[PDB]
Amino acid sequence: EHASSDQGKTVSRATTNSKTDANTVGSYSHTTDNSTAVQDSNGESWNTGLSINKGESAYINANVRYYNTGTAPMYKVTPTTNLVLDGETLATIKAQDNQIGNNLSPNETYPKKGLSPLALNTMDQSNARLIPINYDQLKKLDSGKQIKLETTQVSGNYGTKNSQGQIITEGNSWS
Amino acid sequence: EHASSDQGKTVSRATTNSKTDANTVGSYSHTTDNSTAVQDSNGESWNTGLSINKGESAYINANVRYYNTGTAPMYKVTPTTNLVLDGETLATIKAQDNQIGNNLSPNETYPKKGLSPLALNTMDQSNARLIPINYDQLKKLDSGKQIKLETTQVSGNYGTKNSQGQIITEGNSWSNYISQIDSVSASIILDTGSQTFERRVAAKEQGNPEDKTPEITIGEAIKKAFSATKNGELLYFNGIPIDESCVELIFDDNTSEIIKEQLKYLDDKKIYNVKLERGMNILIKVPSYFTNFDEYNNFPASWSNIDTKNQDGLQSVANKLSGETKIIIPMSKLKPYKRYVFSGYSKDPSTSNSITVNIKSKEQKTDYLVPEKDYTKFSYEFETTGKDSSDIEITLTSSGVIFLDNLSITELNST
């Protein structure tokens, strides 16, 4: 939401020169009057505003950790996850460069045990576009309602030895 | 935040021509009046405003440096880091073109020693999108709260020679070997106080009859892993002795239980004589202040009542503690807000004498120890507070004749 605040000040001066001519008939009388007024004014103002876009009301950041309970490690772990709120899927995100785990041995996690979780922050390929929710979804979050994460699939590689002694994990897709 | 300022000015002129007609009946009278007014007005205004987006209130720039404490260089060093503020991860950034280190030799940094740190500035692939924080996070930063950085992983390459004489480092990913090396090795870390060195030494799999990895002791593994020099019994790093008795050995729960388990069935029980095993996590801490009564001594002061005219020491000679020994440790020479441990070797052939161990610190703590017939290690911890505080005093009083050797002060983790 865009929050703004403004502060104003004003000074002014008005000079009035009024000339009036009056005649009365009943006996006859003539009246002439000349007036001069000087007015000085000061003022100040305060404004506060806030605006919101109802289609992109908020951005969400999910802190996540990957687990491996199988028998083989996975290289270049690339999960795809659903973010679900109150019976609708807000987003489905495939991990990009920032969220890819290089190594995930069995019975281990990424990030490892003593480290804090990742930030699933973006939805686009270049890790530049944040994950939006609309106003209705934001209102739901401002209540008991919680976003659940489900992992729909995980991409990753296995290792083989090439003609030399090198281990390759590049075209070796687990899927 | 968008800050604006405006300045205005106004002039105006109003002319009024008023004609009024009035009649009074009571006698009858008629009144006619004509008026003309000219008004001139001047005015000026000043406006200042500021606006903020509450979702992208601020951008953060982290100045970072990469370190290599291993045995091999890394090419195209590409770390991934978490930025954590008050129990939430603001961002996880993988280094892009601007933040990639071409070369990172062992025991070196990128950027190198004399240069200023990098700028971890952007979060997207093209190095074009700045790292945002929201209003709540910004408010937290406008307080004691600090962002911490954690490195979750590092990508990089190794070099090989191709069919020609050329070195290639392009498809040679280190992450293809990290899992494998960690699975067949024991971890050994040497901490000299200022520098750290991390090693992986291959060890045989316990149950496998087809595993033909040679078996070596912990002492042999340490010598191999750090290229230490063996002066008979003495094992020397660059200049520091890294013998079992001259350092502090820290293990995790699993390693400690294995060493203890394997010690009983061993003659001349020494930790360095235990066979290295997979999954061990040995950590060697060089003491901040260590004195073996011989030639090596780096205590800030001199211990009182030293008797070097002996030959019943741990290595060559020992300090015959018959009375009281005291040293003075100025707080300037010692790191504040650090938890230390006092260690040494005590032997009591008489098996009757008792030692009073008094440590002067932020809190006064004294304990009594009875030395055994043979040399044994004792460990006593203490805490410190404030750079400019009371000096540290250590006193050792013995009932009778006591042999002391290899007294050390080692800094443990923070408080």
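Those sequence lines, one after another, are chains A and B. For the first sequence, the residue numbers in PDB author numbering are 312 to 337, 355 to 503. For the second sequence, the residue numbers in PDB author numbering are 312 to 337, 355 to 743. Here a beta-carbon is modelled for each residue, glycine too, at the ideal position from N, C-alpha and C.
With a threshold of 6 Å on Cβ separation, who are the neighbours of residue i within its own chain once the five nearest residues in sequence on each side are excluded?
i                      : result
residue 317 of chain B : 375
residue 406 of chain B : 423, 428, 483
residue 366 of chain B : 326
residue 442 of chain A : none
Rounded to whole angstroms, how far is the Cβ of residue i from the Cβ of residue j, which I believe are closer than 8 Å?
i                      : j                      : result
residue 622 of chain B : residue 650 of chain B : The Cβ separation is near 20 Å, so there is no contact.
residue 500 of chain B : residue 494 of chain A : 7 Å
residue 475 of chain B : residue 392 of chain B : Contact doesn't hold; Cβ gap of about 12 Å is too wide.
residue 481 of chain A : residue 418 of chain A : At roughly 18 Å, the Cβ-Cβ gap does not stay under 8 Å, so residue 481 of chain A and residue 418 of chain A are not in contact.
residue 604 of chain B : residue 545 of chain B : 7 Å
Any beta-carbon of chain B closer than 9 Å to the one on residue i?
i                      : result
residue 474 of chain A : no
residue 491 of chain A : no
residue 312 of chain A : yes
residue 410 of chain A : no
residue 443 of chain A : yes
residue 359 of chain A : yes
residue 422 of chain A : no
residue 336 of chain A : yes
residue 446 of chain A : yes
residue 453 of chain A : yes
residue 468 of chain A : no
residue 484 of chain A : no
Go through its chain and collect everything with a Cβ distance to residue i's Cβ below 7 Å, but skip five positions before and after it.
i                      : result
residue 656 of chain B : 629, 719, 721
residue 436 of chain B : 396
residue 333 of chain B : 359
residue 578 of chain B : 611, 613
residue 598 of chain B : 572
What three-state label does DSSP hand residue i in the structure shown?
i                      : result
residue 478 of chain B : strand
residue 593 of chain B : coil
residue 634 of chain B : coil
residue 465 of chain A : helix
residue 456 of chain A : coil
residue 551 of chain B : helix
residue 494 of chain B : coil
residue 583 of chain B : helix
Counting only beta-carbon atoms, is residue i nearer than 9 Å to chain A?
i                      : result
residue 376 of chain B : yes
residue 383 of chain B : yes
residue 478 of chain B : yes
residue 498 of chain B : no
residue 418 of chain B : yes
residue 504 of chain B : yes
residue 366 of chain B : yes
residue 460 of chain B : yes
residue 659 of chain B : no
residue 397 of chain B : no
Of all the options the options, which has the alpha carbon lying nearest to the alpha carbon of residue i?
i                      : options                    : result
residue 641 of chain B : B:614, B:672, B:664        : B:672
residue 519 of chain B : B:560, B:596, B:612        : B:612
residue 462 of chain B : A:463, A:449, A:421        : A:449
residue 568 of chain B : B:678, B:616, B:492        : B:616
residue 457 of chain B : B:736, B:663, B:384, B:467 : B:384
residue 786 of chain B : B:730, B:691, B:471        : Residue 786 of chain B cannot be examined here, being either before or after the span of chain B that is shown, 312 to 743.
residue 381 of chain B : A:312, A:460, A:479, A:468 : A:312
residue 477 of chain B : A:444, A:502, A:459        : A:444
residue 668 of chain B : B:741, B:561, B:556        : B:741
residue 513 of chain B : B:451, B:492, B:610, B:488 : B:610
residue 707 of chain B : B:529, B:739, B:442, B:479 : B:739
residue 554 of chain B : B:366, B:537, B:516        : B:516
residue 372 of chain B : B:576, B:319, B:701, B:600 : B:319
residue 404 of chain B : B:330, B:479, B:486        : B:486
residue 662 of chain B : B:683, B:570, B:737, B:583 : B:737
residue 693 of chain B : B:447, B:724, B:700        : B:724
Keeping to the same chain, check which residues put their C-beta closer than 8 Å to that of residue i; ignore five residues upstream and five downstream.
i                      : result
residue 434 of chain A : 396, 397, 398, 399, 400, 401
residue 563 of chain B : 547, 550, 551, 556, 557, 569, 570, 571
Using 8 Å as the cut-off, classify the Cβ of residue i as near or not near the heavy atoms of the ligand ADP, replying yes or no.
i                      : result
residue 474 of chain A : Absence of the ligand ADP from the depicted structure is noted, as is the absence of any ligand whatsoever, leaving it without description.
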